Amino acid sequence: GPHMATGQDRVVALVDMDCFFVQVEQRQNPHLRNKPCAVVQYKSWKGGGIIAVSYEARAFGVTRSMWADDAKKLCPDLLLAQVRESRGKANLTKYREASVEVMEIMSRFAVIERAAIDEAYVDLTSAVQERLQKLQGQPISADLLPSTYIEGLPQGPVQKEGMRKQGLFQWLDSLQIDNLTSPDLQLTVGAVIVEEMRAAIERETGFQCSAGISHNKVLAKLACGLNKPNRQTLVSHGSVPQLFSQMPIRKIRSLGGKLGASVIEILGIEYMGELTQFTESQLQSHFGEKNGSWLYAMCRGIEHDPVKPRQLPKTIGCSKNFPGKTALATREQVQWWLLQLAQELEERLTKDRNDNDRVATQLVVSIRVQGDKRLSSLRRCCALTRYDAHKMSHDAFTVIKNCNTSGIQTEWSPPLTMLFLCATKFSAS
């Protein structure tokens, strides 16, 4: 009752760019705008692998991971943009730079946590308090929320936009605007701010995005996906029981893999809401102390993970796969590709040092051997003392050379299906 926390103490948003790499390419090439199109890496093998897909193309069934040749069977007029290739490998610089554009705009509004190349969490609690003081009891107009959905509404006693407006009207007609401590009002002001933030992103970059607004990161992330693209969704604390009552467990962030499968298998449930019937101790007994407490609160819509103040990635990495017959089988091959990776890494590190006043101090080398299901077969670290590609490639070879079983120095066995260099452990400079 009066002491039961309800996880309504924060306003958190998650902003996620729509079909991000596709929008980057469509901004650059107006011929691709408003078309079924996809972004592909490599072209020789089955037309290249698709990594991003416009919503027009998704209507034909085109998805990520599809070979372009196969996507063309579903969508013969599909347009394609290719990821840049440099030093023999795909190079994602254009998308990293577009990401910086968006992150820098979002940072003007509030502290953000960079969650991926195209998404960030936003802690809006303080901004909401400020805006509520500015508003001075003034009601919030639907015109301030032109792309907002209120999850769960409309309810009670045939076009999409019509439903959106009906739900928003019910919500705003039911708000108590004089209570500055009302969580629902705080979320609503949050959504007003997010409309402003999304408008700024689109104005200043050309890119559209979706967003979720709720009381914590997990619900904000879930909310964001409910009405893509180019829309935002408010998930209130009160919407949680109905929302979770038919929500597959795997849809909640962190439960899409083995742990989620085990929750389903061990407990014999399917939906997030069903978790409420277990005690905290029961959940801890199956999934561990940390996961158990997290599940117990999360299934009630409560999560405390903070929006971390971090706009920049903590690692800078470069990797290449060598699938099937292309696996690296000679020492020379391994050294040449380590050099290519190290040269890209050097370029990115030097730019990072100039832009962000920091230097990486550890180099992580990872390889995969043909026949291993795991992404990485072996990982070794060494000191990163100079931004020099020849030194980094030599040091990586030094730390992995003993993995070569082959009695012949010139041959590498078992062949390598992957090389990965990652700069970590940044210090101020």
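One-based numbering along the sequence shown.
Counting only residues from the deposited sequence, how many are left out of the model between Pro157 and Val158 (none, 1 to 3, 4 to 9, 10 or more)?
In the record, 4 to 9 residues between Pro157 and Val158 lack coordinates.
Mind pulling up the entry and telling me whether 370 to 378 or 25 to 33 has the higher mean Cα temperature factor?
Stretch with the greater average CA B-factor: 370 to 378.
Can you let me know which of the two, 158 to 166 or 272 to 280, has the higher average C-alpha B-factor in the entry?
Here the higher of the two C-alpha B-factor means belongs to 158 to 166.
Have a look at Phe207, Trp171, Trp336, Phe287 and flag the one whose Cα has the highest B-factor in the entry.
Each of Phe207, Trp171, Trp336, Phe287 was compared by C-alpha B-factor; the highest is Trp336.
Name the one of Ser147, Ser236, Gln136, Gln82 with the greatest CA B-factor according to the PDB entry.
The listed residue with the largest C-alpha B-factor is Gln136.
Place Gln41 in the lowest, middle or highest third of its chain's C-alpha B-factors, as listed in the PDB entry.
It belongs to the middle third of the chain when residues are ordered by C-alpha B-factor.
Please place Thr326 in the lowest, middle or highest third of its chain by C-alpha B factor as given in the entry.
It falls in the top third of the chain.
CA B-factor ranking of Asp16, expressed as a third of its chain:
Tercile = lowest for this residue's CA B-factor.
Test of reading the entry: by CA B factor among the chain's modelled residues, which third contains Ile177?
Within its chain, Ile177 is a highest-third residue by C-alpha B-factor, going by the deposited values.
Using the B-factor values recorded in the entry, state whether the Cα atom of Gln129 falls in the lowest, middle or highest third among the modelled residues of its chain.
CA B-factor rank for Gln129: highest third.
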